[PDB]
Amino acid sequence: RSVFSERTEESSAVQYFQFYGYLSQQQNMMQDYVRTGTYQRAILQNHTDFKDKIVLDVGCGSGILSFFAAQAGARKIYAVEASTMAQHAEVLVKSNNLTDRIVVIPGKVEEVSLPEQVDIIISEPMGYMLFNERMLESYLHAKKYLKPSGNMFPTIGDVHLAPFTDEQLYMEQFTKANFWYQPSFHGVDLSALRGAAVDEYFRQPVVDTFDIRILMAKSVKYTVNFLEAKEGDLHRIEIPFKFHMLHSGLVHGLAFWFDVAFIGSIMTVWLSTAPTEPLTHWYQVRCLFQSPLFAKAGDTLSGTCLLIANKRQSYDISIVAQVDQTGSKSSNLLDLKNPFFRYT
């Protein structure tokens, strides 16, 4: 029926809103001080973008950003939440005496009906690697409620990618896969599945953090402007790159992170997940190459990162990279929904 049900398998949706129905998982995000405090500073320092304005909070979870919008003097805030967390948000709105200002509206933002158009939309719709969950598309879908010349918080998003070297990591994954090389596991030959195993293990994006010295070139930026993008712009995301290699070594894959900017009338406030910044619950993401590329300082590593949306609220990622000076090419798939959470 809805734009959401059309693009989403039910099995994905149930599991997804299940996860966000746990107070523990809302608390997980809330306790990211860099996340939650940057959102509050973006909202409070741009008070005039909220004062006496009508606001839509897309996926309000606990209500936390709706509270900041209220703290900033919003006249009315529509807080939309599709999980059962909606019920807990209404309890907090009553207990904080904000029944006059915050109106929880349970359901998917694609399916609910709002009483009026809004001056500004706030959300925190960023998955790991920015695009996981496809919630950016719910955020963009919500502009059907936005007044002309209305604002988005966050306003833009920058994906950064850079090449890295990490033989320890590479070897970690390679070794897991090599279980399936054994010709006599309890007397059974598994070796026929070695190829399928390496494929599966290297499909997995690695979520953790790293020292910036592992980066072999300055990062490439790809920007999504939320005021101007439409939903369909996120169906197929093509990110071409050309890297000027600053260090010689093996390139074991690409590292990804993202920043979002809240472009307000008073000031712009950045929320960064970069490895040069304080760590967030998004960490950073690395896509490993099954076959590493050797490159020399001054070479160019060029190619395309292609993200193709799927029905499981995520993306089919293909990364094709080549060292221009040798025609050494690496083609890679990555199943963004099946990550290896490596952080400790």
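For the two forms, the rigid core is made up of the largest set of C-alpha atoms that agree within 1.5 Å on superposition. When you see a residue number, it is the position in the sequence shown, counting from 1.
- Here 166 to 174 and 96 to 104 are scored by the root mean square distance of their C-alpha atoms in 8 other deposited structures of this protein, with each structure fitted by the rigid core; the higher score goes to 166 to 174.
- Comparing 188 to 196 with 249 to 257 in 8 other deposited structures of this protein, after superposition on the rigid core, the stretch with the greater RMS C-alpha deviation is 188 to 196.
- In this entry, 180 to 188 has the higher mean Cα B-factor, the comparison being between 180 to 188 and 93 to 101.
- Higher mean CA B-factor, judged across 7 to 15 and 21 to 29 from the recorded values: 7 to 15.
- Residues shown: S272, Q87, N225, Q168. Highest C-alpha temperature factor in the entry: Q168.
- When the C-alpha B-factors of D119, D259, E81, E172 are ranked from the entry, the top spot goes to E172.
- Among all modelled residues in this chain, the alpha-carbon of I212 has a temperature factor (C-alpha) in the highest third.
- The deposited CA B-factor of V198 belongs to the highest third of values across its chain.
- When the modelled residues of the chain are ordered by their C-alpha B factor, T36 lands in the lowest third.
- Per-chain ranking of the deposited C-alpha B factor places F153 in the lowest third.
- Among all modelled residues in its chain, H247 ranks in the highest third by Cα B-factor.
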